[PDB]
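Below are the chains, spelled out letter by letter.
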Amino acid sequence: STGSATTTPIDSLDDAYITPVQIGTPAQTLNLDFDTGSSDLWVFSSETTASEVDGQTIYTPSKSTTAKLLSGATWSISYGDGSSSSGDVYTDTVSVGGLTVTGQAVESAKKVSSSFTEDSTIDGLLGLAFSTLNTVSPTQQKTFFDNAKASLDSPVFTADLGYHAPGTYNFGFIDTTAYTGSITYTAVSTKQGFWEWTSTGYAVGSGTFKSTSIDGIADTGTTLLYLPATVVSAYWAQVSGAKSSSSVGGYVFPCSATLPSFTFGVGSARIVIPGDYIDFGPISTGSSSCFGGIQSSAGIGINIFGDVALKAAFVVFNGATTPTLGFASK
Ligand SMILES: N[C@@H](C(=O)N/N=C/c1ccc(O)c2ccccc12)c1ccccc1
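- Looking at the method and resolution fields of the entry, one finds X-ray crystallography and 1.350 Å.

Next comes the structure, spelled out in structure tokens:
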């Protein structure tokens, strides 16, 4: 089997991407944030504290003839950015772009933190990291991909995120028309539960490539590119007037600037992020100071290849016996 679904930016900045997902019988379609940096499929629901719902579409398990309460199971997740959610668990039929999993754990939110409430466009998360990170207790549950994998034509999914435009998540096949050149595969460590890999270096604009190992995670659920302070300083030094602002929380730059590209290495291959991808617009409405799309990972404890990086590539998440990651230009 295979599946293919379009993923759409939630706003004009590509702050996140949403993908429609069918849950239950008859289908209830929710727009979920596909997140390769977490492993819970959770949704706003009829159980969510009323004051914490503000425009989201909700899953109502009582209206699904295939929903079954998973007795005694609860979940609670705290994301790296400080947001959180928790609740109980159903199993139900879940379909993405034509690919169906029966008995998928659908985690129903009873509580969500303010950032989730304040974002009306995201109805929940669909985790695509390794199932070892799943938070359901006392019996850990599998991700959608883990459940589907055996049925797929090939045990893979691909992320093809657009810049200020829709893109695609495919399951079970590689669309050879969706990229240029070849796909370069690189090793993955699954020890921490993430798609963790090692970039071979970087370049700023037309500058020379610096060969250096940068360990990080491929994370579709993170907006920006977080890299070591040395690398980030080298990038912003090329932008007149750019500075790190403690009050704003990162590098900012004049909105009048034309930004240089940023290249990252995948083995001997190179992925080029155009300068425009690195502009995240005014720091506050009407300001002429703009927020940078490349930021320091110092303090995070890990480098994060988020959407800024991933959207410059066609990315293969290879879930074979030994997982790997593939990157192609597009
Ligand atoms: N901006 C990311 C983020 O902060 N991810 N953090 C993931 C994470 C970090 C550290 C952990 O220890 C985890 C453990 C299990 C699952 C996820 C995580 C994000 C993704 C989806 C929703 C909110 C926020």
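With respect to the UniProt feature "disulfide bond" in the protein
Line of reasoning, step 1. Measuring from sulfur to sulfur, the annotated disulfide partners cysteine 255 and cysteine 290 are 2.0 Å apart, close enough to count as bonded by the 2.5 Å criterion. Pair noted here: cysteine 255 is in the loop between β16 (250–254) and β17 (262–266) and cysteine 290 is in strand β20 (residues 289–292), with a separation of 35 residues, a long-range link.
Line of reasoning, step 2. On the accessibility criterion, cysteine 255 (28% relative accessible area) is partly exposed.
Line of reasoning, step 3. The exposure class assigned to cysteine 290 is buried, which follows from its relative accessible area of 3%.

Remarks on the sheet that holds β20
Backbone-to-backbone hydrogen bonds pair the strands of a sheet. The strands run either parallel or antiparallel.
Line of reasoning, step 1. The strand order across the open sheet built from four strands is β15-β16-β20-β19, with neighbouring strands paired in antiparallel fashion. For this open sheet the edge positions go to β15 (243–245) and β19 (279–282), each flanked by a neighbour on one side alone. Averaged over neighbouring strand pairs, the angle between their axes works out to 40 degrees when direction is ignored.

Points about the pairing of strand β9 (residues 156–160)
Line of reasoning, step 1. Counting buried positions over the five residues of β9 gives five, a clear majority of the element.
Line of reasoning, step 2. Covered by surrounding structure in β9 are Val156, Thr158 and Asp160 together with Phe157 and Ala159, the residues of both alternating faces.
Line of reasoning, step 3. Note: β9 against strand β23 (residues 314–318), four bridges, orientation antiparallel. Of the residues in β23, the one forming a bridge with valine 156 is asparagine 318.
Line of reasoning, step 4. Relative to strand β10 (residues 167–171), β9 runs antiparallel, the two sharing four bridges.

Let's talk about helix α3 (residues 229–236)
Line of reasoning, step 1. Taken together, the buried positions of α3 are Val231, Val232, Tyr235 and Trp236. One side of α3 holds all its buried residues, which, seen down the axis, span an arc of 125 degrees.

Structural notes on the site of the ligand
Line of reasoning, step 1. Lining the immediate environment of the ligand, one finds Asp35, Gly37, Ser38, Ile77, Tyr79, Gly80, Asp81, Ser83, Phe116, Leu125, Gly221 and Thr222.
Line of reasoning, step 2. Measuring from a nitrogen atom of the ligand, one finds a backbone N or O atom of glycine 80 at 2.9 Å.
Line of reasoning, step 3. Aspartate 81 is positioned such that a nitrogen or oxygen atom in its backbone is 3.0 Å from an oxygen atom of the ligand.
Line of reasoning, step 4. Computed on the free molecule, the ligand has an accessible area of 530 Å², of which 73% lies beneath the protein chains in the complex.
Line of reasoning, step 5. A per-class count over the shell around the ligand returns four nonpolar, six polar and two charged.

With respect to the domain arrangement of the protein
Line of reasoning, step 1. Assigned domains of the protein: these are domain 1 (5–174) and domain 2 (175–330).
Line of reasoning, step 2. Inter-centroid distance (C-alpha atoms) of domain 1 to domain 2 is 25 Å.
Line of reasoning, step 3. Contact residues are listed per partner, giving 29 residues for domain 1 and 33 residues for domain 2.
Line of reasoning, step 4. Taken over both partners, the interface formed by domain 1 and domain 2 buries close to 2400 Å², and the fraction arising from carbon and sulfur atoms is 58%.
Line of reasoning, step 5. Summed over the three residues of domain 1 that lose the most area to domain 2, namely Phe130, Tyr163 and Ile174, the buried surface amounts to 28% of that side.
Line of reasoning, step 6. Across the domain 1-domain 2 interface, the total number found is two salt bridges.

Considering unusual backbone geometry
Line of reasoning, step 1. The step from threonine 25 to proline 26 runs through a cis peptide bond, and the omega angle for that step is -5 degrees.
Line of reasoning, step 2. Inspection of the secondary structure puts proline 26 in the loop between β2 (17–23) and β3 (28–35).
Line of reasoning, step 3. Residue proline 138 is bonded to the preceding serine 137 through a cis peptide linkage, with omega at 5 degrees.
Line of reasoning, step 4. With respect to the helices and strands, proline 138 occurs in the loop between β8 (124–127) and α2 (144–148).
Line of reasoning, step 5. Positioned with a positive phi, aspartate 14 is a non-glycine residue whose angle comes to about 60 degrees.
Line of reasoning, step 6. Positioned with a positive phi, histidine 164 is a non-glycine residue whose angle comes to about 50 degrees.
Line of reasoning, step 7. You can see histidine 164 is positioned in the loop between β9 and β10.

Cut-offs applied
Residues numbered from 1 in each chain as written, not as in the entry; some residues may be left out. Heavy atoms only, no water. Residues with missing side-chain atoms left out of burial classes, pairs and counts. Disulfide = S-S within 2.5 Å. UniProt positions renumbered as here; feature names shortened; annotations may be inferred. Helix = DSSP H or I, 4+ residues; strand = E, 2+ residues; numbered from the N terminus. Buried < 20%, exposed > 50% of the residue type's maximum accessible area, 1.4 Å probe, protein only. Pairing = 2+ DSSP bridges. Axes fitted to C-alpha atoms, helices over the stretch in contact; angles between N-to-C directions. Arc of directions from axis to C-beta. Near = heavy atom within 4 Å. Polar contact = N/O pair within 3.5 Å; in protein donor to acceptor, adjacent residues only side chain to side chain. Areas by Shrake-Rupley, 256 points an atom, 1.4 Å probe, with all protein chains shown as cover. Nonpolar A, V, L, I, M, F, W, Y, C, P; charged D, E, K, R; others polar. Domains from an automatic or database assignment. Contact = heavy atoms within 4.5 Å. Buried area = accessible area lost by both parts, 1.4 Å probe. Salt bridge = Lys/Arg side-chain N within 4 Å of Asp/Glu carboxyl O.

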